[PDB]
Amino acid sequence: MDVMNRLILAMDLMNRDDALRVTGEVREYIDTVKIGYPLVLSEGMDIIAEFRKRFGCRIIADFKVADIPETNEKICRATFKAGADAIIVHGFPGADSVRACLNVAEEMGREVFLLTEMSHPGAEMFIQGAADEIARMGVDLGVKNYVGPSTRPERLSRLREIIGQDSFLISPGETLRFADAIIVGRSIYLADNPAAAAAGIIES
Amino acid sequence: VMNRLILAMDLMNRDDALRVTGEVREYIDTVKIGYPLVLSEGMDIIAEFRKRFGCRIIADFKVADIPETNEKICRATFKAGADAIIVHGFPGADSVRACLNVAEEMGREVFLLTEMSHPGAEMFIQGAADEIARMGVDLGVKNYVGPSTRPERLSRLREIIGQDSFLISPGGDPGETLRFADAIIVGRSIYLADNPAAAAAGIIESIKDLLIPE
Ligand SMILES: Nc1ccn([C@@H]2O[C@H](COP(=O)(O)O)[C@@H](O)[C@H]2O)c(=O)n1
Ligand SMILES: Nc1ccn([C@@H]2O[C@H](COP(=O)(O)O)[C@@H](O)[C@H]2O)c(=O)n1
């Protein structure tokens with residue numbers, strides 16, 4: 001439950017070469033990488049084992065699983081079989097959909113992160129209003145890992161009060177007052193010098 | 001579209017999926033595929049369905065990310081050959097619009113998922129269903145995918161989206177479903193049948209007897 005330097009690289013690139021280049025350059029500073037469907041749909045799910053075998057990265061699949069229970073189970077099993085250490089799941093489809101993911105994780109010895117809220121434009125339409133109930137639902141389903149919205153620390157304070165001191169929270173300095181790790185993408189992966197960018201961030 | 005019947009190819013092994021789809025091709029030309037098959041076999045399987053059978057493919061990916069990422073998922077998906085992609089409306093208007101913009105650029109289609117009917121859907125989705133469908137109408141969404149249960153829910157959805165929108169829904173069927181949906185989605189009853197082709201052929205006959213206007 002410990003992320004190296006409390007810094008997670010959000011690898012949102014879709015090209016294998018740039019993805020691997022950047023990951024290899026920041027491995028002396030970061031050991032946890034979050035990847036999404038753009039990369040895996042473009043390069044194949046086998047890229048996950050590549051990240052792990054090549055660099056020893058812990059991999060969080062940010063797939064925002066949001067289907068019915070039976071399908072969620074299949075997606076999680078396929079993702080864990082490919083090597084993901086954790087998978088991010090939506091809470092809006094309800095408790096049984098989340099439970100299906102948690103069960104595959106228990107069975108396979110992996111982890112599920114519950115997405116409690118989103119902060120992009122439009123998230124205020126339906127997600128914002130359900131966020132507190134979704135976080136509380138997570139606590140009651142035994143969820144121990146949460147992903148918070150890209151927002152000001154004040155709001156993470158509220159989420160932290162709901163999930164408790166023992167849960168693990170990750171979110172896109174002040175943020176680290178409430179989150180266990182911060183997620184950084186572009187400022188690192190588009191940098192001409194990814195290593196220097198990561199090293200600078202860790203300076204805090 | 002062909003025969004108002006869409007095949008839900010939910011099997012995870014490449015062999016059976018390709019086999020079954022090929023056997024029913026005479027009656028069905030539109031197939032819906034989800035993440036399990038794609039993540040296990042690769043996105044290349046989409047081009048395979050299209051190149052080999054001339055199938056129209058609907059990627060049931062229920063896209064639910066932020067606008068920028070939704071754009072990339074859609075682009076990756078249409079590039080692989082999908083004719084349309086299913087997108088969640090709960091994340092909001094901007095996330096749905098990002099998908100519509102990529103579909104517009106590439107000449108493809110977006111299907112908005114407005115509600116679900118599985119256990120737990122009542123916690124947050126059910127209460128937002130009508131508002132999400134109306135959001136779709138406001139965004140100019142023209143294709144919708146309905147829930148799997150309760151035809152009383154289809155009549156409501158049809159009422160909100162209007163007669164000019166296209167609606168596909170899982171399954172007194174097929175008659176019951178086609179009273180509101182333009183096409184029915186059928187999976188197990190076809191792909192688990194001993195003679196898939198026979199199952200599809202049968203279903204198509206029933207639909208023929210309905211004499212559905214427009
Ligand atoms: N509006 C936004 C933008 C980005 N993010 C998250 O932050 C991560 C990294 O973002 P950056 O590339 O902008 O640093 C993304 O992968 C995404 O999960 C978010 O949660 N909301
Ligand atoms: N419980 C279920 C079962 C199936 N379905 C939908 O109906 C499609 C085909 O279902 P059948 O196999 O039951 O005909 C599935 O691919 C899925 O999208 C659902 O929404 N809820």
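Measuring from a point 7 Å past the Cα of A:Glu28 along Cα-to-C-beta, which residues in region A:168-201 have an amide N at less than 16 Å? Under cut-off, by backbone N: A:193-201.
What is the average number of partner chain Cβ atoms found within 10 Å of a Cβ in A:38-48?
For this peptide, the per-residue mean of nearby foreign Cβ atoms is 5.
The share of alpha-carbon pairs in region B:86-160 lying farther apart than 20 Å comes to 27%. What net charge is computed for the residues neighbouring B:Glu23, neighbours being all others with C-beta under 14 Å from the C-beta of B:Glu23, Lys and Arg scored +1, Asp and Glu -1? Charge balance in the 14 Å sphere: -2. The peptide list B:176-182, B:70-76, put in order of mean Cβ contacts within 10 Å with the highest first, becomes B:70-76, B:176-182. The fewest-to-most ranking of A:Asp140, B:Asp83 by surrounding Cβ atoms within 10 Å reads A:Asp140, B:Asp83.
With the convex hull of the Cα atoms taken as the outline of the protein assembly as shown, the averaged projected area works out to 19.5 nm². Put the Cα centre of region B:139-214 next to the Cα centre of region A:127-176 and the gap is 40 Å. Placing unit charges on the Cβ atoms of the charged side chains and taking the dipole of region B:66-140 about its Cα centre, the candidate lying farthest along the positive direction among B:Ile132, B:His118, B:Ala76 is B:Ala76. Partner shielding of B:93-100 amounts to 3, given as the average count of beta-carbon atoms from other chains within 10 Å of each residue beta-carbon.
On the basis of the beta-carbon distance and an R0 of 60 Å, B:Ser189 and A:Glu124 show a calculated FRET efficiency of 0.90. How would you classify region B:70-113 from its alpha-carbon gyration tensor, with a ≥ b ≥ c the square roots of the eigenvalues: rounded for a/c under 1.5, else prolate if a/b is greater than b/c, otherwise oblate? Prolate shape, in that a/c is at least 1.5 and a/b is the bigger ratio. The three principal axes of the C-alpha atoms in region B:143-214 carry coordinate ranges of 39, 23, 21 Å, sorted with the longest axis first. Mean per-residue shielding of peptide A:75-83 is 3, counting Cβ atoms of other chains within 10 Å of each Cβ.
Divide the volume of the convex hull around the Cα atoms of chain A by the residue count and you get 114 Å³ per residue.
The distance between label points at A:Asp18 and B:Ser206 comes to 5.0 nm (points 7 Å beyond Cα on the Cα→Cβ vector). Using a simple spin-label model with pseudo-atoms 7 Å out from Cα toward Cβ, B:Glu152 and A:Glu70 lie 2.4 nm apart. For the cross-link pairs B:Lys62/B:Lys208; A:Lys53/A:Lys81; A:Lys34/B:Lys32; A:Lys74/B:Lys32, the ones whose C-alpha atoms lie over 25 Å apart are B:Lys62/B:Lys208; A:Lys34/B:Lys32. Using 0.36 nm per residue and subtracting the Cα-Cα separation, the extra length available between B:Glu105 and B:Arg52 on full extension is 16.5 nm.
Every read-out reported here was derived from the displayed coordinates using simple, explicitly stated rules and does not represent laboratory data. As a convention, Cβ positions derive from the backbone with ideal geometry for all residues, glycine included, and neighbour counts pool all protein chains shown.
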